[PDB]
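**Q** The structure that follows is given in the form of structure tokens.
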Amino acid sequence: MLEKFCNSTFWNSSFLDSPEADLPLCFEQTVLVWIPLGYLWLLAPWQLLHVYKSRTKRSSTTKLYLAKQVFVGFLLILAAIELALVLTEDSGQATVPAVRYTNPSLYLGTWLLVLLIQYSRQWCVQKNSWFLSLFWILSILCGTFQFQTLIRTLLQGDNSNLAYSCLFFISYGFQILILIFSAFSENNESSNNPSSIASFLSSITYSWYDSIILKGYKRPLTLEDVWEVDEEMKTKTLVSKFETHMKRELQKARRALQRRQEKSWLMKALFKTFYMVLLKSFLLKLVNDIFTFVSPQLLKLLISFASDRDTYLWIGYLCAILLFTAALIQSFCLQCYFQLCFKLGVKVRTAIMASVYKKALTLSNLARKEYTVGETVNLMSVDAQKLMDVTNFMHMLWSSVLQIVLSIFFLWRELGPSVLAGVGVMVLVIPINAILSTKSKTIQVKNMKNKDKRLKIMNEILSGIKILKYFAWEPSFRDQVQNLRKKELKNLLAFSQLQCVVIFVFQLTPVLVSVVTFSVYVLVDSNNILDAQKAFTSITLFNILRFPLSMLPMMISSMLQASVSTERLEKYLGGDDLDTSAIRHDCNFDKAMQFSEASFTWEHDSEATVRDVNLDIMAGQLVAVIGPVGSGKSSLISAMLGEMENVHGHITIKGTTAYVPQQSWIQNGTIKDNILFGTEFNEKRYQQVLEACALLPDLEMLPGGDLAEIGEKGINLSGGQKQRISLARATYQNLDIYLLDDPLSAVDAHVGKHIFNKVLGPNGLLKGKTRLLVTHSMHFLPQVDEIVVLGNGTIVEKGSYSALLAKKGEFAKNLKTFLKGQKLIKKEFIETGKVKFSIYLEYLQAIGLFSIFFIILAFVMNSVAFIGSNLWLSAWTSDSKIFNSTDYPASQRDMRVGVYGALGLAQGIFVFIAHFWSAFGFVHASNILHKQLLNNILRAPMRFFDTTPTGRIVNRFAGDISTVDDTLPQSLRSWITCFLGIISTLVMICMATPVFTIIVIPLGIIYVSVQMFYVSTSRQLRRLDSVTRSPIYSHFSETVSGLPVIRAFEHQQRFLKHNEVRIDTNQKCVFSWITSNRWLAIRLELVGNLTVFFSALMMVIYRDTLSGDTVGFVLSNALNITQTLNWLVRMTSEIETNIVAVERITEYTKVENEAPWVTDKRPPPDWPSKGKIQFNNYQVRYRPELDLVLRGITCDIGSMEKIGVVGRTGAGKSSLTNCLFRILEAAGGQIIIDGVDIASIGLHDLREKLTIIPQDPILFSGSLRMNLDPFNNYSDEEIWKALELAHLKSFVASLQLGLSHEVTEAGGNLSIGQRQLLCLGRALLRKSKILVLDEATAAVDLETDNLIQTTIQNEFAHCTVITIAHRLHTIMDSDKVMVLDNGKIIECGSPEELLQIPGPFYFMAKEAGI
Ligand SMILES: Nc1ncnc2c1ncn2[C@@H]1O[C@H](COP(=O)(O)OP(=O)(O)OP(=O)(O)O)[C@@H](O)[C@H]1O
Ligand SMILES: Nc1ncnc2c1ncn2[C@@H]1O[C@H](COP(=O)(O)OP(=O)(O)O)[C@@H](O)[C@H]1O
Ligand SMILES: [Mg+2]
């Protein structure tokens, strides 16, 4: 076409048929100089404009940058002179073909652009992008063909082409130099991470990750030695991006449901929000797949060259290079694809793991009755994680099937219509695989549903634990948690067995089709025999389809888990949120709040707890609502906050709100943080609140004073202390409306007077702010501006103090009845060196040592079958040479195929059995870990719980113990299979050759060397993964713990930031993991392809003698052992990582323990008979690193002596009771009860004969029956008697589903008043001779307090009672009274005597008001 262009031809095929074959010279300067050149022009404007569109800040002129420009500049002048040389020496009479014109001119106009693109590239963040960098490689490789041909003409004989030839070398020569300066070097001061700053050629070999790995080897990594993830995927960006799509999809589904009602969206949302990252991988999968069939063909071209002799070295060496470059690009394309999916995996496990938290804030109370802090954790940890694993294998759906057909395509060359039956079995898998899937999903959904029921009934155990220690309920809860565990393993095992059948069928399809296809070929059309060449020629790679079908069986397994996990996220994120419509949050209102005939019900179909409410409060007032227990006080406050759901009414409020919940909620951290609540610190106001609210005395004894770390849910403080913090927090915030729901019940009388006048009084801090109040004590009624007596959700009366008492009624009689050591939580201790081998042995011991032997036996006894199969082919391929077409019989040689078929099945069964003992072996093993950890974490001393947040423990039961169930058991199977793959392959070679197997020796070291170099960097990026995951659950529980407080101050936006930051601290340590895994594949596969290429060259250089099948035997095996070793160094680093999970689970199995529950010494059956209690200078210390909280207490209590104790807040009143139950060890002294030592006997020989009513009411989810008797050892008839005494029958009777009611977490259903009475109900059942009362009247009215008091002094006449109290009203009745301060008992005697003598009790008496 262009022969005239150069006075030559395109390509004379005669040239390429010679041994010393050369590409045509004109050909090169026509297309080989166009292909790279068309690259720039055809694409440069896009890149050139692309960067300028996103113009960034100016660029610092780097030292290296000029080197790039000047060298390219040389290419401009270099190409320039030759153009002049064309016209300077060949312009007159010299025939000048167009090539002499275009060759420099096009380059001259091209290199000029290179300057600009290389210049404009400065302003971009990435200094050496893919575009320019690929040009050099695409040019140098293409330009290489020119280099060689110039040598040939030049070397064989000098010519006149030095004018252009010599110059060309320099032009090409710099290109090599430019690449090194350009494609590799990277440097800049920005972004605090190489991830975004690395030359393209160095960003596909992950050379920029060398820094982390080298750090790991020299020392253990740390949370500060990993770079924060790039802004492309930062939780803030993801949530904002994902949400806008989720909202639209949710609406469409929401409007969709309207159609069905009057008579399935999540997976859509995720796809619609990740267009590119899915599409980009897809187009990057086909390229990988294409190169999957380039390599095998190249091997065939090599064998043909090897077997043949007349072939030229030209086709020989050239094939070897392509065997390297073709595979080399495959590694870059593949790994560049995996790291493009896992990113999508860790990028969808943050949208879900963040959206789940967000929805937790806005879920209506109705929905939260279903989910819990426990269930949502499972949704956050396991379900989200299972939704990240699918992305790894998400693309096998169509990639595999495409490979199958393409593999079939090659095989249909040999076979015609016979293969129709062959595909018949391959399609007979589809319905078999379908039925199992259906029977596999229904068994999966049961597992998750039963996994939640475990955490829910166990998260509550951790939250309320002191109860479990007080009453010996560990056996009961220890006996029903496993009962839920068994209900799961019975299901996980079944789901594991089904994974054996699916695995079995796929490992049997390839061999089954082989047998059937041959039979049909003989059945119908036997006119041709194929000369037995079907043995290996048609089956040389017929089994290549195994790898496709070897990754699938576990792939489908993952998709069922994802298909089920994503079904729950839908149910969660779809939960209806609370409605603020009924609460008209106006801004300009004459009054403060308007109740316009409102009526609110807790749940949809129920009687409203607020009925016909109609009330108005002026812009400044002090309203003090009052009434009987369970009358709607707290609900009315919650109604305004929007928690309740309105029916037939509306509410209006002007301004903001402040809330003080009845059940005080305290965050974790310093006191300052709790009071500040995130607002700017102001010293001036801070001192006012601390002084105004009686906190200074409380700050004295706390170790660190102000900065004294407070324990989750306020373990340190107790009652009065907690309430002061809650009250101060609202006062400091300085809002408009204050809603105080019983804020000062816990505190004593003297403090309460101080609190009211200074803080809430008419001249207090809240002088002008409106302030609703809910008081159970009639003390402050005279000072109230208005009162609202409400009973059963109705305003029975409403008037000022004087106005109400004027009318004779309940209120009139209501009054008449009245008249450094500061740090607790410590950082997780992460093992540094390496997983001690004792951990592996422990896990292996859990598995049956009988089973492991058989499991290994089956696999090794499997591989032998695999060895025989291939060995059979070798003994079968030789048949053709000895026999002939006519001499080969059929009746006697059908055994050859028969053996292969039967032998093929033997391998299929043999692996199936191995996978089966695995299920029993592993499931049982996972059972003995949980049964040990749970049986030990229920015996740790209270000390362990106080310091360790609930986040740590709950994590080891969802995040980790799940790994031992799903991931670790699977990996331990792959490793065994790979290892026996190595042994099988080595035996094959060993038989073939005596001592040439020694090739393994160098290769083994090269692989073992790198593996040992990399494990110590992936292991330390897995402990960090599970060590920075604990705070997520810790914080999440803290949020849901007290929700109403947050929504009262509208501080939601700040809380999002925390969880939005904690996740970013956990992504940083998991994204850096997957990259740390890709870096292994590249810098390992490169060693693989290099080994094959080195063998390939070695083969050709000795082609003269070495020849025959040996070339195929060595290349095929050299390309096989290098595969498994690659597939065995990754797996052996996968068990070495995942086994970290077992290390953490084993960590808590070895924590300290309390004294044995039951010891050899058994107290006499009727040990507690009288009630003697003797204290002998007892000393107590909460933690070893603290001073004696109780200092040398000595006292005695007579039999049946009604005894009470009084003292200042935090004077050991509560601690003294915690000593009887041996919750703390005897630091000094001793105690004897009924003449029996307490430290001598076991804990459960004691705590079953003592009763205590903790100040805090803790309840467990489920029916009231369990919360009153979890042992289930008590009849129902006696329960009613027990409840009746506690004056709780009336409320229970009203509940239609009374006895078998349902109780949410921590008794959310029941008011704090009812919880205390119910918690007192437990005490009635035991009827033990000893009964401790701990502020049981804090959350009860006076009349009800008398009623319960009446029983305790009437129906309990044969049991010593130690009543700890703050109010004195219920202490004069006690026979004796004790006064203790600073852990020192002061007074002891009857109330009358202490009053006669002036002293500490006397002033307490006078100040008490009596
Ligand atoms: N979160 C809840 N879910 C369902 N029912 C609830 C809830 N909170 C309270 N109730 C029901 O409302 C009634 C209690 O009313 P409310 O919670 O307003 O009492 P309260 O002011 O806390 O009482 P008290 O003064 O006795 O402490 C009882 O029927 C209780 O079962
Ligand atoms: N979880 C805890 N860990 C360590 N010390 C505690 C804890 N709880 C309370 N204390 C100590 O108890 C003392 C006050 O006694 P306390 O238990 O508050 O009696 P009461 O609760 O009846 O007021 C404080 O000095 C405090 O240091
Ligand atoms: Mg209440």
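Residue numbering restarts at 1 in every chain; chains get A, B, ... in the order shown in the structure tokens, and ligands count up from 1 in that same order.
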Looking only at strand (DSSP E or B) from DSSP on the backbone, list the matching residues of region 1061-1182 of chain A as a ChimeraX atom specification.

**A** /A:1173-1180

**Q** Pull N, CA, C and O atoms from the residues just selected and write them as a CSV table (one decimal), in the first residue's frame.

**A**
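Result file follows (part_19.csv):
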chain,number,residue,atom,x,y,z
A,1173,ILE,N,-23.4,-12.2,113.1
A,1173,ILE,CA,-22.4,-11.6,112.2
A,1173,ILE,C,-21.4,-10.9,113.0
A,1173,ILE,O,-21.7,-10.0,113.8
A,1174,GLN,N,-20.1,-11.3,112.9
A,1174,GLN,CA,-19.0,-10.8,113.7
A,1174,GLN,C,-18.0,-10.2,112.7
A,1174,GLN,O,-17.5,-10.9,111.8
A,1175,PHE,N,-17.6,-9.0,112.9
A,1175,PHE,CA,-16.6,-8.3,112.2
A,1175,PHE,C,-15.3,-8.1,113.1
A,1175,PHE,O,-15.5,-7.6,114.2
A,1176,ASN,N,-14.2,-8.5,112.6
A,1176,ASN,CA,-12.9,-8.5,113.4
A,1176,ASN,C,-11.9,-7.6,112.6
A,1176,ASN,O,-11.1,-8.2,111.8
A,1177,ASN,N,-12.0,-6.3,112.8
A,1177,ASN,CA,-11.0,-5.4,112.2
A,1177,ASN,C,-10.8,-5.7,110.7
A,1177,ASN,O,-9.7,-5.8,110.2
A,1178,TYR,N,-12.0,-5.8,110.0
A,1178,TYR,CA,-11.9,-6.1,108.6
A,1178,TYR,C,-11.3,-5.0,107.8
A,1178,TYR,O,-11.6,-3.8,108.0
A,1179,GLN,N,-10.6,-5.3,106.8
A,1179,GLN,CA,-10.0,-4.4,105.8
A,1179,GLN,C,-10.2,-4.8,104.4
A,1179,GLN,O,-10.2,-6.0,104.1
A,1180,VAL,N,-10.6,-3.9,103.6
A,1180,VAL,CA,-11.0,-4.1,102.2
A,1180,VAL,C,-10.2,-3.2,101.3
A,1180,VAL,O,-9.9,-2.0,101.6

**Q** Going by DSSP on the backbone, which residues of region 196-415 of chain A come out as helix (DSSP H, G or I)? List them as a PyMOL selection string.

**A** chain A and resi 196+200-203+207-218+231-233+235-261+266-273+276-307+313-348+351-362+365-368+373-393+396-411

**Q** If you measure from CA of residue 217 (chain A) to CA of residue 1010 (chain A), what distance in Å do you get, rounded to one decimal?

**A** 11.4 Å

**Q** If we count only C-alpha atoms, what is near residue 317 (chain A) at a cut-off of 9 Å, once residues fewer than 6 positions away on the same chain are taken out, given as an mmCIF file with N, CA, C and O atoms, in the first residue's frame?

**A**
data_model
loop_
_atom_site.group_PDB
_atom_site.id
_atom_site.type_symbol
_atom_site.label_atom_id
_atom_site.label_comp_id
_atom_site.auth_asym_id
_atom_site.auth_seq_id
_atom_site.Cartn_x
_atom_site.Cartn_y
_atom_site.Cartn_z
ATOM 1 N N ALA A 1096 12.833 -22.155 30.617
ATOM 2 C CA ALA A 1096 12.531 -22.130 29.191
ATOM 3 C C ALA A 1096 13.778 -21.825 28.375
ATOM 4 O O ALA A 1096 14.075 -22.512 27.391
ATOM 5 N N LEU A 1097 14.532 -20.800 28.772
ATOM 6 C CA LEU A 1097 15.773 -20.498 28.070
ATOM 7 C C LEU A 1097 16.740 -21.669 28.154
ATOM 8 O O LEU A 1097 17.265 -22.127 27.135
ATOM 9 N N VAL A 1100 16.124 -24.278 25.489
ATOM 10 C CA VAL A 1100 16.443 -24.052 24.083
ATOM 11 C C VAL A 1100 17.949 -24.104 23.849
ATOM 12 O O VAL A 1100 18.410 -24.686 22.861
ATOM 13 N N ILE A 1101 18.743 -23.507 24.743
ATOM 14 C CA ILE A 1101 20.183 -23.459 24.501
ATOM 15 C C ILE A 1101 20.764 -24.859 24.408
ATOM 16 O O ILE A 1101 21.833 -25.046 23.818
#

**Q** Just want the residues within 8 Å of ligand 2, written as an MDAnalysis selection string, counting only C-alpha atoms and all ligand atoms.

**A** chainID A and resid 701:703 711 715:720 943 946 1181:1183 1186 1189 1208:1216 1334 1364 1382

**Q** Write a file of the just-selected residues containing N, CA and C atoms, as a PDB file, in the first residue's frame.

**A**
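Output file out-v5.pdb follows:
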ATOM      1  N   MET A 701     -12.425  12.527  97.437  1.00  0.00           N
ATOM      2  CA  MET A 701     -11.956  11.159  97.619  1.00  0.00           C
ATOM      3  C   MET A 701     -11.599  10.469  96.310  1.00  0.00           C
ATOM      4  N   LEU A 702     -12.093  10.955  95.180  1.00  0.00           N
ATOM      5  CA  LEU A 702     -11.771  10.321  93.913  1.00  0.00           C
ATOM      6  C   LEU A 702     -10.268  10.419  93.664  1.00  0.00           C
ATOM      7  N   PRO A 703      -9.611   9.341  93.217  1.00  0.00           N
ATOM      8  CA  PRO A 703      -8.145   9.358  93.119  1.00  0.00           C
ATOM      9  C   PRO A 703      -7.593  10.587  92.417  1.00  0.00           C
ATOM     10  N   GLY A 711     -15.676   4.676  84.882  1.00  0.00           N
ATOM     11  CA  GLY A 711     -16.020   3.314  84.538  1.00  0.00           C
ATOM     12  C   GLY A 711     -17.306   3.280  83.744  1.00  0.00           C
ATOM     13  N   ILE A 715     -19.430   2.539  87.098  1.00  0.00           N
ATOM     14  CA  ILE A 715     -19.142   1.518  88.101  1.00  0.00           C
ATOM     15  C   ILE A 715     -18.536   2.153  89.344  1.00  0.00           C
ATOM     16  N   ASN A 716     -17.628   3.113  89.158  1.00  0.00           N
ATOM     17  CA  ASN A 716     -16.969   3.743  90.298  1.00  0.00           C
ATOM     18  C   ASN A 716     -17.985   4.388  91.228  1.00  0.00           C
ATOM     19  N   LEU A 717     -18.729   5.364  90.721  1.00  0.00           N
ATOM     20  CA  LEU A 717     -19.652   6.111  91.555  1.00  0.00           C
ATOM     21  C   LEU A 717     -20.809   5.216  91.993  1.00  0.00           C
ATOM     22  N   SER A 718     -21.727   5.803  92.757  1.00  0.00           N
ATOM     23  CA  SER A 718     -22.867   5.048  93.268  1.00  0.00           C
ATOM     24  C   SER A 718     -23.995   6.021  93.576  1.00  0.00           C
ATOM     25  N   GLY A 719     -25.105   5.892  92.854  1.00  0.00           N
ATOM     26  CA  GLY A 719     -26.298   6.658  93.150  1.00  0.00           C
ATOM     27  C   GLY A 719     -26.066   8.150  93.215  1.00  0.00           C
ATOM     28  N   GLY A 720     -26.165   8.711  94.418  1.00  0.00           N
ATOM     29  CA  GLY A 720     -26.057  10.142  94.621  1.00  0.00           C
ATOM     30  C   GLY A 720     -24.949  10.787  93.818  1.00  0.00           C
ATOM     31  N   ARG A 943     -13.063  -7.296  89.848  1.00  0.00           N
ATOM     32  CA  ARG A 943     -11.988  -6.416  89.410  1.00  0.00           C
ATOM     33  C   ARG A 943     -11.819  -6.476  87.899  1.00  0.00           C
ATOM     34  N   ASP A 946     -14.595  -4.508  86.125  1.00  0.00           N
ATOM     35  CA  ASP A 946     -14.582  -3.061  86.314  1.00  0.00           C
ATOM     36  C   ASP A 946     -13.567  -2.395  85.396  1.00  0.00           C
ATOM     37  N   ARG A1181      -9.906  -3.676 100.058  1.00  0.00           N
ATOM     38  CA  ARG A1181      -9.241  -2.892  99.025  1.00  0.00           C
ATOM     39  C   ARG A1181      -9.820  -3.297  97.681  1.00  0.00           C
ATOM     40  N   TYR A1182     -10.438  -2.344  96.983  1.00  0.00           N
ATOM     41  CA  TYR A1182     -11.111  -2.675  95.731  1.00  0.00           C
ATOM     42  C   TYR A1182     -10.130  -3.240  94.713  1.00  0.00           C
ATOM     43  N   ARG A1183      -8.973  -2.606  94.570  1.00  0.00           N
ATOM     44  CA  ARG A1183      -7.933  -3.092  93.683  1.00  0.00           C
ATOM     45  C   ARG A1183      -6.595  -3.064  94.403  1.00  0.00           C
ATOM     46  N   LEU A1186      -4.516   0.387  95.373  1.00  0.00           N
ATOM     47  CA  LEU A1186      -5.369   1.399  95.977  1.00  0.00           C
ATOM     48  C   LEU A1186      -5.256   1.306  97.489  1.00  0.00           C
ATOM     49  N   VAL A1189     -10.171   1.002 101.286  1.00  0.00           N
ATOM     50  CA  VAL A1189     -11.447   1.713 101.291  1.00  0.00           C
ATOM     51  C   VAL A1189     -12.131   1.549 102.640  1.00  0.00           C
ATOM     52  N   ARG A1208     -22.167   9.416 105.611  1.00  0.00           N
ATOM     53  CA  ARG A1208     -22.011  10.309 104.475  1.00  0.00           C
ATOM     54  C   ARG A1208     -21.912   9.510 103.181  1.00  0.00           C
ATOM     55  N   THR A1209     -22.282  10.156 102.079  1.00  0.00           N
ATOM     56  CA  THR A1209     -22.190   9.508 100.778  1.00  0.00           C
ATOM     57  C   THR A1209     -20.760   9.056 100.525  1.00  0.00           C
ATOM     58  N   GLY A1210     -20.612   7.832 100.031  1.00  0.00           N
ATOM     59  CA  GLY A1210     -19.298   7.278  99.791  1.00  0.00           C
ATOM     60  C   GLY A1210     -18.498   7.120 101.066  1.00  0.00           C
ATOM     61  N   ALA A1211     -19.130   6.574 102.102  1.00  0.00           N
ATOM     62  CA  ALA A1211     -18.477   6.314 103.378  1.00  0.00           C
ATOM     63  C   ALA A1211     -18.349   4.819 103.648  1.00  0.00           C
ATOM     64  N   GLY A1212     -18.333   4.010 102.593  1.00  0.00           N
ATOM     65  CA  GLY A1212     -18.271   2.574 102.748  1.00  0.00           C
ATOM     66  C   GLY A1212     -19.601   1.907 103.008  1.00  0.00           C
ATOM     67  N   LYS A1213     -20.706   2.648 102.931  1.00  0.00           N
ATOM     68  CA  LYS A1213     -22.014   2.055 103.185  1.00  0.00           C
ATOM     69  C   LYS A1213     -22.291   0.906 102.223  1.00  0.00           C
ATOM     70  N   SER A1214     -22.107   1.144 100.924  1.00  0.00           N
ATOM     71  CA  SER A1214     -22.341   0.088  99.945  1.00  0.00           C
ATOM     72  C   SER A1214     -21.221  -0.941  99.966  1.00  0.00           C
ATOM     73  N   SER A1215     -19.976  -0.488 100.119  1.00  0.00           N
ATOM     74  CA  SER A1215     -18.849  -1.413 100.099  1.00  0.00           C
ATOM     75  C   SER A1215     -18.957  -2.435 101.220  1.00  0.00           C
ATOM     76  N   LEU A1216     -19.436  -2.010 102.390  1.00  0.00           N
ATOM     77  CA  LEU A1216     -19.566  -2.929 103.516  1.00  0.00           C
ATOM     78  C   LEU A1216     -20.420  -4.133 103.142  1.00  0.00           C
ATOM     79  N   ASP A1334     -30.406  -2.098 100.249  1.00  0.00           N
ATOM     80  CA  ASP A1334     -29.492  -1.075  99.743  1.00  0.00           C
ATOM     81  C   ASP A1334     -30.316  -0.034  98.991  1.00  0.00           C
ATOM     82  N   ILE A1364     -29.128  -0.498 104.610  1.00  0.00           N
ATOM     83  CA  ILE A1364     -28.363   0.693 104.272  1.00  0.00           C
ATOM     84  C   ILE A1364     -29.334   1.735 103.744  1.00  0.00           C
ATOM     85  N   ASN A1382     -15.151   7.313 106.425  1.00  0.00           N
ATOM     86  CA  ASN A1382     -13.793   7.005 105.989  1.00  0.00           C
ATOM     87  C   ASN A1382     -13.428   5.552 106.270  1.00  0.00           C
TER      88      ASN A1382
END

**Q** Within 6 Å of ligand 3, counting only C-alpha atoms and all ligand atoms: which residues, as a list in words?

**A**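 Going residue by residue within 6 Å of ligand 3, we get residues 630, 633, 634, 1311, 1312 and 1313 of chain A.
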
**Q** Could I get the residue neighbourhood of ligand 1 at 9 Å, counting only C-alpha atoms and all ligand atoms, as a PyMOL selection string?

**A** chain A and resi 365-366+369+601-603+608-610+626-638+643-644+662+741-742+774-776+792-793+1291+1295+1303-1304+1307-1315+1339-1341

**Q** Based on the selection just made, write C-alpha atoms of those residues as an mmCIF file, in the first residue's frame.

**A**
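Generated output (again-v6.cif):
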data_model
loop_
_atom_site.group_PDB
_atom_site.id
_atom_site.type_symbol
_atom_site.label_atom_id
_atom_site.label_comp_id
_atom_site.auth_asym_id
_atom_site.auth_seq_id
_atom_site.Cartn_x
_atom_site.Cartn_y
_atom_site.Cartn_z
ATOM 1 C CA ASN A 365 -38.814 2.908 70.263
ATOM 2 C CA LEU A 366 -41.066 0.334 68.602
ATOM 3 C CA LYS A 369 -37.967 -3.389 71.180
ATOM 4 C CA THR A 601 -48.920 5.373 73.679
ATOM 5 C CA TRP A 602 -45.624 3.538 74.003
ATOM 6 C CA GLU A 603 -46.517 1.085 71.221
ATOM 7 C CA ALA A 608 -51.978 5.476 75.805
ATOM 8 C CA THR A 609 -50.095 6.020 79.053
ATOM 9 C CA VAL A 610 -50.961 9.730 78.717
ATOM 10 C CA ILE A 626 -46.157 14.287 91.353
ATOM 11 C CA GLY A 627 -48.272 11.170 91.723
ATOM 12 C CA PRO A 628 -48.229 7.445 92.466
ATOM 13 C CA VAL A 629 -45.793 4.875 91.139
ATOM 14 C CA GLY A 630 -46.267 3.946 87.500
ATOM 15 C CA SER A 631 -48.522 6.932 86.890
ATOM 16 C CA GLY A 632 -46.942 8.531 83.794
ATOM 17 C CA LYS A 633 -44.545 11.081 85.300
ATOM 18 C CA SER A 634 -41.441 9.965 83.410
ATOM 19 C CA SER A 635 -43.489 9.151 80.304
ATOM 20 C CA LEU A 636 -44.839 12.701 80.130
ATOM 21 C CA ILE A 637 -41.282 14.035 80.048
ATOM 22 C CA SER A 638 -40.318 11.465 77.430
ATOM 23 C CA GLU A 643 -39.838 9.134 72.146
ATOM 24 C CA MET A 644 -43.555 8.431 72.476
ATOM 25 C CA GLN A 662 -34.525 8.944 85.900
ATOM 26 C CA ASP A 741 -37.143 13.659 86.269
ATOM 27 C CA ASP A 742 -36.391 12.788 89.897
ATOM 28 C CA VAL A 774 -40.611 15.180 89.100
ATOM 29 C CA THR A 775 -40.241 14.760 92.865
ATOM 30 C CA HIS A 776 -41.242 11.758 94.946
ATOM 31 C CA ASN A 792 -52.847 7.010 85.260
ATOM 32 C CA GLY A 793 -51.954 9.528 82.570
ATOM 33 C CA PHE A 1291 -49.788 -3.724 88.090
ATOM 34 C CA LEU A 1295 -51.181 -6.704 82.190
ATOM 35 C CA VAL A 1303 -39.140 -7.275 79.483
ATOM 36 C CA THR A 1304 -36.743 -5.391 77.223
ATOM 37 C CA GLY A 1307 -36.205 -3.296 82.151
ATOM 38 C CA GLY A 1308 -36.904 -0.619 79.573
ATOM 39 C CA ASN A 1309 -40.572 -1.588 79.621
ATOM 40 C CA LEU A 1310 -40.977 -1.006 83.364
ATOM 41 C CA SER A 1311 -40.582 2.334 85.088
ATOM 42 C CA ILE A 1312 -37.749 2.756 87.561
ATOM 43 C CA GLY A 1313 -40.302 2.589 90.358
ATOM 44 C CA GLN A 1314 -41.620 -0.786 89.228
ATOM 45 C CA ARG A 1315 -38.126 -2.173 88.655
ATOM 46 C CA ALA A 1339 -37.410 5.258 93.527
ATOM 47 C CA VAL A 1340 -40.580 4.826 95.600
ATOM 48 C CA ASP A 1341 -43.139 7.200 97.081
#

**Q** Using only C-alpha atoms, pick whichever of A:444, A:870, A:122, A:1337 has the shortest atom-to-atom distance to residue 988 (chain A).

**A**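 Residue with the minimum atom-to-atom distance to residue 988 (chain A): A:870.
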
**Q** How many Å lie between CA of residue 207 (chain A) and CA of residue 223 (chain A), rounded to one decimal?

**A**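 Computing it gives 21.6 Å between the two atoms.
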
**Q** Residues within 8 Å of region 93-104 of chain A, please, as a PyMOL selection string. Count only C-alpha atoms; anything in the same chain fewer than 2 positions from it doesn't count.

**A** chain A and resi 5-7+29+79-80+82-83+86+90-91+106-108

**Q** Within 10 Å of region 1125-1138 of chain A, counting only C-alpha atoms, which residues qualify if same-chain residues fewer than 6 places away don't, as a ChimeraX atom specification?

**A** /A:834-835,840,960,963-964,967-979,981-982,1003-1004,1007-1008,1010-1012,1014-1023,1077,1080-1081,1084-1085,1087-1088

**Q** Closest to residue 362 (chain A) among A:256, A:882, A:695, A:1046, using only C-alpha atoms?

**A** A:1046

**Q** Quick one: residues within 6 Å of region 845-861 of chain A, only C-alpha atoms, excluding same-chain residues fewer than 2 positions away - as a CSV table (one decimal) with C-alpha atoms, in the first residue's frame?

**A**
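result_13.csv, written as the output of this step:
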chain,number,residue,atom,x,y,z
A,841,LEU,CA,-1.5,-27.4,70.1
A,842,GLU,CA,-4.4,-26.1,72.1
A,843,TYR,CA,-6.6,-25.8,69.0
A,863,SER,CA,-3.1,-38.0,46.9
A,864,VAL,CA,-1.9,-41.5,46.2
A,914,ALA,CA,-11.7,-36.1,54.3
A,921,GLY,CA,-13.6,-32.4,63.8
A,925,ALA,CA,-13.4,-28.1,68.3

**Q** Which residues are close to region 585-588 of chain A, i.e. within 6 Å by only C-alpha atoms, leaving aside same-chain residues fewer than 3 positions away? Reply as a PyMOL selection string.

**A** chain A and resi 652-654

**Q** Would you put the residues from that selection into a file with C-alpha atoms, as a short mmCIF file (atom, residue, chain, number, x, y, z; two decimals), in the first residue's frame?

**A**
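part_7.cif written:
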data_model
loop_
_atom_site.label_atom_id
_atom_site.label_comp_id
_atom_site.auth_asym_id
_atom_site.auth_seq_id
_atom_site.Cartn_x
_atom_site.Cartn_y
_atom_site.Cartn_z
CA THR A 652 -45.83 22.56 71.17
CA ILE A 653 -42.57 23.71 72.77
CA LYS A 654 -40.63 26.94 72.29
#
